[PDB]
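Pasting run13.txt here (compact mmCIF, C-alpha atoms and all ligand atoms):
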```txt
# COMPACT_ATOMS: atom_id res chain seq x y z
CA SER A 1 54.70 43.97 19.61
CA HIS A 2 58.39 44.79 20.10
CA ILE A 3 60.95 42.24 18.89
CA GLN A 4 60.22 39.94 15.95
CA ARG A 5 60.15 36.21 16.72
CA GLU A 6 62.44 35.57 13.77
CA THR A 7 64.99 37.82 12.09
CA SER A 8 66.05 37.57 8.45
CA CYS A 9 69.79 36.86 8.41
CA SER A 10 72.49 35.35 6.20
CA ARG A 11 73.80 31.79 6.02
CA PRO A 12 75.85 30.67 9.04
CA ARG A 13 79.20 28.94 8.53
CA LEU A 14 78.64 25.19 8.51
CA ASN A 15 80.83 22.47 10.02
CA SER A 16 83.90 20.87 8.45
CA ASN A 17 82.89 17.50 7.02
CA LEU A 18 84.55 14.07 6.94
CA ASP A 19 86.39 14.88 3.71
CA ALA A 20 88.65 17.38 5.49
CA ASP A 21 89.52 14.89 8.22
CA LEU A 22 89.63 11.48 6.53
CA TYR A 23 92.20 12.62 3.96
CA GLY A 24 95.52 10.78 4.06
CA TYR A 25 94.20 7.65 5.76
CA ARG A 26 94.63 4.08 4.55
CA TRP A 27 91.57 1.84 4.74
CA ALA A 28 90.94 -1.71 5.93
CA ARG A 29 87.56 -3.46 5.88
CA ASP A 30 86.57 -5.27 9.06
CA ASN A 31 85.48 -8.90 8.67
CA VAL A 32 84.76 -9.68 12.33
CA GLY A 33 81.45 -7.85 12.78
CA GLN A 34 78.23 -9.67 11.88
CA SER A 35 75.61 -7.03 12.69
CA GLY A 36 75.17 -5.73 9.15
CA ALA A 37 76.98 -2.44 9.74
CA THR A 38 79.92 -1.82 7.41
CA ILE A 39 83.09 -1.18 9.37
CA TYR A 40 86.48 0.16 8.31
CA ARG A 41 89.76 0.74 10.10
CA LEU A 42 91.48 4.00 9.20
CA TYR A 43 95.26 3.89 9.61
CA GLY A 44 98.67 4.69 8.17
CA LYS A 45 98.41 8.46 8.51
CA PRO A 46 101.54 9.90 10.20
CA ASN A 47 100.92 12.18 13.21
CA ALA A 48 97.32 10.92 13.26
CA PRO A 49 95.58 8.26 15.39
CA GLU A 50 93.94 5.15 13.97
CA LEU A 51 90.17 5.36 13.60
CA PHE A 52 87.12 3.20 13.03
CA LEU A 53 84.16 4.07 10.82
CA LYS A 54 80.91 2.21 11.46
CA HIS A 55 78.13 2.68 8.90
CA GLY A 56 74.55 1.59 9.54
CA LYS A 57 71.68 1.49 7.06
CA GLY A 58 67.94 1.08 7.53
CA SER A 59 67.31 -0.44 10.96
CA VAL A 60 71.07 -0.68 11.51
CA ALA A 61 71.23 3.11 11.19
CA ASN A 62 69.19 3.24 14.39
CA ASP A 63 71.53 0.71 16.01
CA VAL A 64 74.59 2.84 15.23
CA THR A 65 72.78 5.95 16.47
CA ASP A 66 72.01 4.15 19.74
CA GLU A 67 75.68 3.21 19.98
CA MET A 68 76.80 6.81 19.49
CA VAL A 69 74.72 8.30 22.31
CA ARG A 70 75.58 5.54 24.76
CA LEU A 71 79.22 6.01 23.81
CA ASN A 72 78.84 9.73 24.51
CA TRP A 73 77.38 9.12 27.98
CA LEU A 74 79.31 6.11 29.26
CA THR A 75 82.69 7.63 28.33
CA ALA A 76 82.62 9.63 31.57
CA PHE A 77 82.78 6.41 33.60
CA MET A 78 84.49 3.71 31.53
CA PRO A 79 87.33 3.66 28.98
CA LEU A 80 85.61 3.90 25.59
CA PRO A 81 86.46 4.94 22.03
CA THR A 82 86.30 8.71 21.54
CA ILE A 83 83.68 10.12 19.18
CA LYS A 84 85.40 11.98 16.35
CA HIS A 85 82.43 12.46 14.01
CA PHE A 86 78.84 11.25 13.70
CA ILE A 87 76.36 11.81 10.87
CA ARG A 88 72.67 10.89 10.78
CA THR A 89 70.55 11.09 7.64
CA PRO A 90 67.01 9.59 7.35
CA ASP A 91 68.26 6.09 6.45
CA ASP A 92 71.98 6.26 7.27
CA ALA A 93 74.24 6.65 10.30
CA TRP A 94 78.02 7.08 10.14
CA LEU A 95 80.05 6.70 13.34
CA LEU A 96 83.72 7.68 13.40
CA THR A 97 85.60 6.83 16.59
CA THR A 98 89.16 6.37 17.86
CA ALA A 99 90.62 2.89 17.53
CA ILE A 100 91.37 1.08 20.77
CA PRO A 101 94.82 -0.49 20.28
CA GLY A 102 95.45 -4.15 21.05
CA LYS A 103 93.56 -7.40 20.63
CA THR A 104 90.10 -8.50 21.74
CA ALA A 105 89.69 -10.76 24.77
CA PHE A 106 88.75 -13.54 22.34
CA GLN A 107 92.02 -13.24 20.42
CA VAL A 108 94.28 -13.28 23.48
CA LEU A 109 92.35 -16.24 24.89
CA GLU A 110 93.19 -18.22 21.75
CA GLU A 111 96.74 -16.92 21.25
CA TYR A 112 97.59 -17.33 24.95
CA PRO A 113 95.69 -20.29 26.51
CA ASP A 114 97.80 -20.04 29.67
CA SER A 115 96.71 -16.46 30.36
CA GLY A 116 93.06 -17.50 30.59
CA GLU A 117 92.72 -17.05 34.35
CA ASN A 118 94.44 -13.66 34.25
CA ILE A 119 92.16 -12.52 31.43
CA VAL A 120 89.06 -13.64 33.33
CA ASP A 121 90.26 -11.80 36.44
CA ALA A 122 90.56 -8.57 34.46
CA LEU A 123 87.13 -9.09 32.89
CA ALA A 124 85.57 -9.61 36.32
CA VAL A 125 87.14 -6.42 37.71
CA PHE A 126 86.05 -4.43 34.65
CA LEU A 127 82.52 -5.79 35.06
CA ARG A 128 82.37 -5.00 38.79
CA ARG A 129 83.45 -1.47 37.92
CA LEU A 130 80.77 -1.09 35.25
CA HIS A 131 78.10 -2.48 37.58
CA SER A 132 79.23 -0.09 40.34
CA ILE A 133 78.10 2.98 38.42
CA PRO A 134 75.14 4.54 40.30
CA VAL A 135 71.91 3.79 38.42
CA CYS A 136 70.79 7.41 38.85
CA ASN A 137 73.43 8.45 36.30
CA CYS A 138 72.06 6.32 33.46
CA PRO A 139 69.60 7.91 30.98
CA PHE A 140 69.17 4.60 29.16
CA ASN A 141 66.60 1.90 29.85
CA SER A 142 67.33 -1.72 28.95
CA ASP A 143 65.24 -3.68 31.47
CA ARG A 144 63.63 -6.99 30.51
CA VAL A 145 60.18 -5.51 29.84
CA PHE A 146 61.80 -3.13 27.36
CA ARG A 147 64.00 -5.78 25.72
CA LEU A 148 61.12 -8.28 25.51
CA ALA A 149 58.85 -5.81 23.71
CA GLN A 150 61.81 -5.12 21.45
CA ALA A 151 62.46 -8.82 20.88
CA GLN A 152 58.81 -9.36 19.99
CA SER A 153 59.05 -6.63 17.35
CA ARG A 154 62.15 -8.18 15.80
CA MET A 155 60.42 -11.56 15.80
CA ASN A 156 57.26 -10.27 14.11
CA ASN A 157 59.35 -8.50 11.48
CA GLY A 158 61.27 -11.66 10.57
CA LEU A 159 64.59 -10.21 11.68
CA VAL A 160 65.60 -12.90 14.18
CA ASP A 161 68.48 -14.96 12.78
CA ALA A 162 67.78 -18.60 13.69
CA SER A 163 71.21 -19.64 12.38
CA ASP A 164 72.70 -17.74 15.31
CA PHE A 165 70.68 -19.71 17.86
CA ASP A 166 72.73 -21.60 20.44
CA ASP A 167 73.35 -25.35 20.03
CA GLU A 168 70.53 -26.11 22.48
CA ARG A 169 68.09 -24.33 20.17
CA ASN A 170 69.43 -25.47 16.78
CA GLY A 171 66.38 -25.93 14.57
CA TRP A 172 63.93 -24.31 16.96
CA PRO A 173 61.38 -21.89 15.53
CA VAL A 174 61.70 -18.37 16.95
CA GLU A 175 58.14 -18.82 18.24
CA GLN A 176 59.16 -21.75 20.44
CA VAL A 177 62.15 -19.89 21.89
CA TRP A 178 59.86 -16.94 22.65
CA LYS A 179 57.24 -19.18 24.25
CA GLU A 180 59.66 -21.23 26.36
CA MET A 181 61.54 -18.14 27.50
CA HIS A 182 58.42 -16.76 29.18
CA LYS A 183 57.99 -19.99 31.13
CA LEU A 184 61.13 -19.05 33.05
CA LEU A 185 59.45 -15.82 34.17
CA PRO A 186 59.15 -14.22 36.59
CA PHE A 187 62.23 -13.29 38.60
CA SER A 188 63.31 -10.44 40.86
CA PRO A 189 65.27 -7.75 38.96
CA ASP A 190 68.79 -6.91 40.14
CA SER A 191 69.24 -3.65 38.26
CA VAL A 192 72.65 -2.15 37.48
CA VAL A 193 74.29 -0.26 34.62
CA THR A 194 74.95 -2.96 32.00
CA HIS A 195 76.85 -3.19 28.72
CA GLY A 196 74.25 -5.20 26.80
CA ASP A 197 76.76 -7.24 24.81
CA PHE A 198 79.60 -8.07 27.18
CA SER A 199 81.22 -10.60 24.85
CA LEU A 200 84.89 -11.46 24.34
CA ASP A 201 85.03 -9.64 20.99
CA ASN A 202 83.88 -6.40 22.63
CA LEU A 203 86.65 -6.23 25.22
CA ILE A 204 90.13 -5.15 24.15
CA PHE A 205 93.43 -6.02 25.83
CA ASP A 206 96.69 -4.17 25.22
CA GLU A 207 100.01 -5.09 26.86
CA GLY A 208 98.40 -7.37 29.44
CA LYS A 209 95.70 -4.89 30.40
CA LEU A 210 92.03 -4.43 29.55
CA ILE A 211 91.98 -0.86 28.27
CA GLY A 212 88.43 -0.53 26.96
CA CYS A 213 85.21 -1.89 25.52
CA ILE A 214 83.31 -1.21 22.29
CA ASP A 215 79.94 -2.03 20.69
CA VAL A 216 77.94 -0.25 23.39
CA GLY A 217 74.61 0.10 21.58
CA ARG A 218 72.63 -1.78 24.24
CA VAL A 219 74.08 0.04 27.25
CA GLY A 220 71.45 0.83 29.88
CA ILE A 221 69.82 -0.29 33.11
CA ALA A 222 69.19 -4.05 33.24
CA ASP A 223 69.67 -7.09 35.46
CA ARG A 224 73.34 -7.84 36.17
CA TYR A 225 72.84 -11.20 34.46
CA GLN A 226 72.45 -9.37 31.15
CA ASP A 227 76.23 -9.04 31.08
CA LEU A 228 77.03 -12.13 33.15
CA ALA A 229 75.11 -14.62 31.00
CA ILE A 230 76.62 -13.44 27.72
CA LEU A 231 80.20 -13.46 29.03
CA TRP A 232 79.60 -16.82 30.73
CA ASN A 233 78.39 -18.18 27.38
CA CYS A 234 81.47 -16.88 25.56
CA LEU A 235 83.81 -18.44 28.13
CA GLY A 236 82.06 -21.80 27.75
CA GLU A 237 83.65 -22.13 24.32
CA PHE A 238 87.01 -22.15 26.13
CA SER A 239 86.60 -23.81 29.53
CA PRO A 240 84.03 -24.44 32.31
CA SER A 241 86.88 -23.59 34.66
CA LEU A 242 87.03 -20.03 33.32
CA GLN A 243 83.24 -19.74 33.54
CA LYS A 244 83.45 -20.74 37.19
CA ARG A 245 86.27 -18.27 37.83
CA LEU A 246 84.26 -15.41 36.30
CA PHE A 247 81.48 -15.82 38.86
CA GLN A 248 83.91 -16.43 41.73
CA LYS A 249 85.86 -13.26 41.01
CA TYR A 250 82.72 -11.25 40.27
CA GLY A 251 81.31 -12.01 43.72
CA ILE A 252 78.76 -14.76 43.09
CA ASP A 253 79.42 -18.30 44.31
CA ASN A 254 76.69 -20.15 42.42
CA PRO A 255 75.09 -18.71 39.24
CA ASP A 256 71.33 -18.09 39.18
CA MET A 257 70.45 -20.71 36.55
CA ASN A 258 67.03 -19.24 35.76
CA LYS A 259 68.43 -15.71 35.32
CA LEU A 260 71.29 -17.17 33.30
CA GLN A 261 68.98 -19.14 31.02
CA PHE A 262 66.61 -16.21 30.53
CA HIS A 263 69.22 -13.75 29.31
CA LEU A 264 70.86 -16.38 27.10
CA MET A 265 67.52 -16.99 25.39
CA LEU A 266 66.73 -13.29 25.28
CA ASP A 267 70.00 -12.69 23.42
CA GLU A 268 68.82 -15.04 20.64
CA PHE A 269 66.44 -12.33 19.44
CA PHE A 270 69.22 -9.84 18.73
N1 LIG A 301 86.80 1.58 18.19
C1 LIG A 301 87.38 0.38 17.91
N2 LIG A 301 88.60 0.06 18.38
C2 LIG A 301 89.18 -1.13 18.10
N3 LIG A 301 88.60 -2.08 17.34
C3 LIG A 301 87.37 -1.88 16.80
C4 LIG A 301 86.68 -0.61 17.06
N4 LIG A 301 85.50 -0.67 16.42
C5 LIG A 301 85.44 -1.87 15.80
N5 LIG A 301 86.55 -2.60 16.02
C6 LIG A 301 86.80 -3.95 15.49
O1 LIG A 301 85.76 -4.28 14.58
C7 LIG A 301 85.03 -5.43 15.03
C8 LIG A 301 83.53 -5.20 14.86
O2 LIG A 301 83.14 -4.08 15.64
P1 LIG A 301 81.64 -4.03 16.22
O3 LIG A 301 81.52 -5.10 17.28
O4 LIG A 301 81.29 -2.60 16.56
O5 LIG A 301 80.81 -4.49 14.93
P2 LIG A 301 79.41 -5.28 14.99
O6 LIG A 301 78.93 -5.39 13.57
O7 LIG A 301 78.51 -4.69 16.04
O8 LIG A 301 79.96 -6.71 15.48
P3 LIG A 301 79.02 -7.83 16.15
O9 LIG A 301 78.58 -8.69 14.98
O10 LIG A 301 79.96 -8.53 17.10
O11 LIG A 301 77.91 -7.04 16.81
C9 LIG A 301 85.38 -5.61 16.50
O12 LIG A 301 85.46 -6.99 16.85
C10 LIG A 301 86.73 -4.93 16.64
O13 LIG A 301 87.75 -5.91 16.48
CA CA A 302 82.40 -6.16 7.51
CA CA A 303 80.91 -6.82 18.57
CA CA A 304 77.26 -5.22 17.75
CA CA A 305 72.65 -16.39 19.58
```

Transcribe the structure of this file into C-alpha cells.
Ligand SMILES: Nc1ncnc2c1ncn2[C@@H]1O[C@H](COP(=O)(O)OP(=O)(O)OP(=O)(O)O)[C@@H](O)[C@H]1O
Ligand SMILES: [Ca+2]
Ligand SMILES: [Ca+2]
Ligand SMILES: [Ca+2]
Ligand SMILES: [Ca+2]
Amino acid sequence: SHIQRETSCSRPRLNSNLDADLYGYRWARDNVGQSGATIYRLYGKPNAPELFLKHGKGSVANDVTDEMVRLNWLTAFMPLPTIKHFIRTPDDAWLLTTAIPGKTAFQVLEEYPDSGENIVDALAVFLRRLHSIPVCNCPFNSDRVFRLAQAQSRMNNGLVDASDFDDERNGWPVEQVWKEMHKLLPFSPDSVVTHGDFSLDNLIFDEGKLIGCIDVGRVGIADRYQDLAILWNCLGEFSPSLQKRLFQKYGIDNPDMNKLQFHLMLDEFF
C-alpha cells in the first residue's frame, strides 16, 4: 500500500550497563538471607549511596523479578528501596536497589529490649498505613486461592523446606501440614494490600524511626492476617506481651485464631 510496516534502519544506542555504575564500590556478602538469592552490599564509594544487589537463579530468578515489579508499584505509597538497575535473562535476575540505612526491627529488638513496646507501636502504625491503601490501586493478586495453588506446586516439586517448619510441626510431612491446613477452611476474606512477608528482618529502623521495608516479592491483595500472623509469630520469639500489643495498637482486641493459624501454616510452604 503506502507505508511499509517495517523500515530498515541502523543499530540504536543501547543502555549503559552495570559495569559503568558499579565501578568504585566495595563489596560485602549478606549472610542474613535464606531464600537462595545471592545478596551483596555495595559501599565505600565517596559521593555515592550504598546499594544492594540481589541475584536470583532458576526459580529464584522469578522471585526476584516478582520483587522488582512490586517494588516499582508499591514505592508510590510506602517507603521502599529505589530501583537503580534490573536485569532479566532466561534463568537469571539481577536486582540493584538503594540501601535503606539502619538496623532491622529484629536487631533493635535484641540490642534494645526496653524499646520493644515503642518498636511494636511503630510496626503497628506502618501496618495500618499499608493496609489503608485502596485495593483498587493494587495490580497484584495474593489471595488464599492463589497462594494455595502456589503452595501445592511447591509441595509437588519437593521445594518445601521441612526444616523451616515451626516447632508445632517439627517432623511433620509436608502432606500432613497441607491436609490439616485445609481443615481450618473456610473463612471470610478480609482483603487489603498486604506485604506478604511482614517479618522483623524486613522492617528497618534508623534513629528511632521505621523508615522502610524490603523483601516485597509477595506484595498483593490478601487477608490482613497474611501480615498479622507472620509478624505475630516473629514477636512470639521475644514476648507474648509484644504480640498482644501489636493487635491492640493495630485495632483488633482478640486475634482470629483460625485466620492466624491458617496463615502461619500457609507460610510453611514458602
Ligand atoms: N535494600 C536494602 N536495604 C537495606 N538492607 C538490605 C536491603 N536488601 C537486603 N538487605 C539486607 O539483606 C538481608 C536479606 O535481604 P532479603 O530479605 O531481600 O533476602 P532474602 O534472601 O529474601 O531473605 P529471607 O531469607 O529473609 O527471605 C536483609 O535482612 C537486610 O538486612
Ligand atoms: Ca548470602
Ligand atoms: Ca527477608
Ligand atoms: Ca525473601
Ligand atoms: Ca516456617

- Report as a PyMOL selection string which protein, DNA and RNA residues come within 8 Å of ligand LIG 301 (chain A), using all atoms listed in the file. chain A and resi 30-41+51-54+80-82+97-104+201-202+204+214-216

Would you write out those residues with C-alpha atoms, as a tab-separated table (two decimals), in the frame of the given file?
```tsv
chain	number	residue	atom	x	y	z
A	30	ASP	CA	86.57	-5.27	9.06
A	31	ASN	CA	85.48	-8.90	8.67
A	32	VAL	CA	84.76	-9.68	12.33
A	33	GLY	CA	81.45	-7.85	12.78
A	34	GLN	CA	78.23	-9.67	11.88
A	35	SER	CA	75.61	-7.03	12.69
A	36	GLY	CA	75.17	-5.73	9.15
A	37	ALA	CA	76.98	-2.44	9.74
A	38	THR	CA	79.92	-1.82	7.41
A	39	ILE	CA	83.09	-1.18	9.37
A	40	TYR	CA	86.48	0.16	8.31
A	41	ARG	CA	89.76	0.74	10.10
A	51	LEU	CA	90.17	5.36	13.60
A	52	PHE	CA	87.12	3.20	13.03
A	53	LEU	CA	84.16	4.07	10.82
A	54	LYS	CA	80.91	2.21	11.46
A	80	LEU	CA	85.61	3.90	25.59
A	81	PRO	CA	86.46	4.94	22.03
A	82	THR	CA	86.30	8.71	21.54
A	97	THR	CA	85.60	6.83	16.59
A	98	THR	CA	89.16	6.37	17.86
A	99	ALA	CA	90.62	2.89	17.53
A	100	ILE	CA	91.37	1.08	20.77
A	101	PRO	CA	94.82	-0.49	20.28
A	102	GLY	CA	95.45	-4.15	21.05
A	103	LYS	CA	93.56	-7.40	20.63
A	104	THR	CA	90.10	-8.50	21.74
A	201	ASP	CA	85.03	-9.64	20.99
A	202	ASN	CA	83.88	-6.40	22.63
A	204	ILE	CA	90.13	-5.15	24.15
A	214	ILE	CA	83.31	-1.21	22.29
A	215	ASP	CA	79.94	-2.03	20.69
A	216	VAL	CA	77.94	-0.25	23.39
```

- Task: Just the residues within 8 Å of residue A:187, please, counting only C-alpha atoms, with nothing from its chain fewer than 2 positions along; format it as number ranges by chain.
- Result: A: 185, 189, 259

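For the residues A:175, A:197, A:21, A:190, ranking by smallest atom-to-atom distance to ligand CA 304 (chain A) using all atoms listed in the file places A:197 first.
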
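Each of A:129, A:249, A:209, A:224 was checked against residue A:115 using all atoms listed in the file; the smallest atom-to-atom distance is that of A:209.
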
- Message: Applying 7 Å and all atoms listed in the file, which residues near stretch 86-94 of chain A remain after dropping the ones on its own chain fewer than 3 positions away? List them as a count of residues only.
- Response: 9

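Taking all atoms listed in the file into account, every polymer residue with at least one atom at most 8 Å away from ligand CA 305 (chain A) is listed here: residues 162, 164, 165, 166, 264, 265, 267, 268, 269 and 270 of chain A.
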
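Atom CA of residue A:83 lies 17.2 Å from atom CA of residue A:25.
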
- Message: Here is a test: counting all atoms listed in the file, which residue of A:105, A:148, A:22, A:12 is nearest to residue A:117?
- Response: A:105

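Taking atom CA of residue A:263 and atom CA of residue A:157 as the two end points, the separation is 21.0 Å.
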
- Item | Counting only C-alpha atoms and all ligand atoms, the residue of A:199, A:72, A:233, A:258 that sits nearest ligand CA 304 (chain A) |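 Counting only C-alpha atoms and all ligand atoms, the residue closest to ligand CA 304 (chain A) is A:199.
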